[PDB]
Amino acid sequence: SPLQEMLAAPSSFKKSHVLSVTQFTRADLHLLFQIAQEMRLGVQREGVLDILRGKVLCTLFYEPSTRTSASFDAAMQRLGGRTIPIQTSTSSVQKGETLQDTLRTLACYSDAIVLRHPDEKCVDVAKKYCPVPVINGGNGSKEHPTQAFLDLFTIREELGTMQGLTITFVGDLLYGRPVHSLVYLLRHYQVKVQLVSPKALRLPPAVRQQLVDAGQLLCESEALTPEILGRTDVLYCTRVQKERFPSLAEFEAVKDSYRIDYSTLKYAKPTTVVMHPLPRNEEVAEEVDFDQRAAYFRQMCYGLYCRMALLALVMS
């Protein structure tokens, strides 16, 4: 059984918290992705597999989510497992219950917990107190490891080899921490990176220095130019929010500058992959949603299979 053989191999994910991309190796991720491909084939054949039938996953989201909370629910159920989605707004959180009490409560009922919480330190709280694996679905928006895993998987699935690709990040590269996580995962590969942002929203110096240290920094630009677009293999977009500028007029100019529409794609390659972790506002125009190069819906689908692979490893 192809999947049974892969799931039997050693893995850093097994029985592990999944809190940071810094916990995992290139080899860890290659096995994850191999399993994800087999999960997709299994789902195509069977819909709901028989991998985690005796296991129960809690999801615990203190901040809004559609992709991350629903995809983990679907992934668990499509492994044959059971899910318990916790509605924090009507839980005893409303009576003052701390995060560490909530996690120890749910650990009595479930075999693992997916957590999204507004305090960056929630992952330290989880490590200290929670006696079952916790999967970080977002800690004060600092990290989101399974978003990073699925972003990298999307690139590999869409284009094949990483060698020689040029990846262009556009938008808010300061508060867009998915960019930072993906930069870390890219450190193993012979890629080149272009960074397009307002000066104010450039990468933090430590993340820029990671690209320099890996020999990957190709250019930083305030403009999304034809030349930058024409060499782009992956165009990875982030949302720019109004709070990032003192004036609405500057916010609107910046949005106009970075909006991906047909006037943008005309300068891209025929094979350029447009990605966005979502949700989006208007920074990728609706008019390109049926273009072959609009990959941000496929990206979500790749996320399902990546999360199936992850849950099976953590909880097998």
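In this text, residue numbers run from 1 along the sequence as written.
Note on 109-117 vs 222-230: mean CA B-factor is higher in 222-230. Once the C-alpha B-factors are averaged per stretch, 146-154 and 196-204 rank with 196-204 first.
Residue-level inspection of the entry shows that, of 291, 286, 250, 63, 250 has the top Cα B-factor. The residue among 104, 82, 95, 180 whose C-alpha atom has the highest B-factor in the PDB entry is 95. Remark: residue 78 belongs to the lowest third of its chain, ranked by C-alpha B-factor as recorded. Annotation for residue 37: CA B-factor lies in the middle third of the chain's modelled residues. When the CA B factors of the chain's modelled residues are split into thirds, the value for residue 31 lands in the highest one. Among the modelled residues of its chain, residue 11 has a C-alpha B-factor that falls in the highest third according to the deposited record. For residue 140, the recorded CA B-factor ranks within the middle third of the chain. Only modelled residues enter the ranking.
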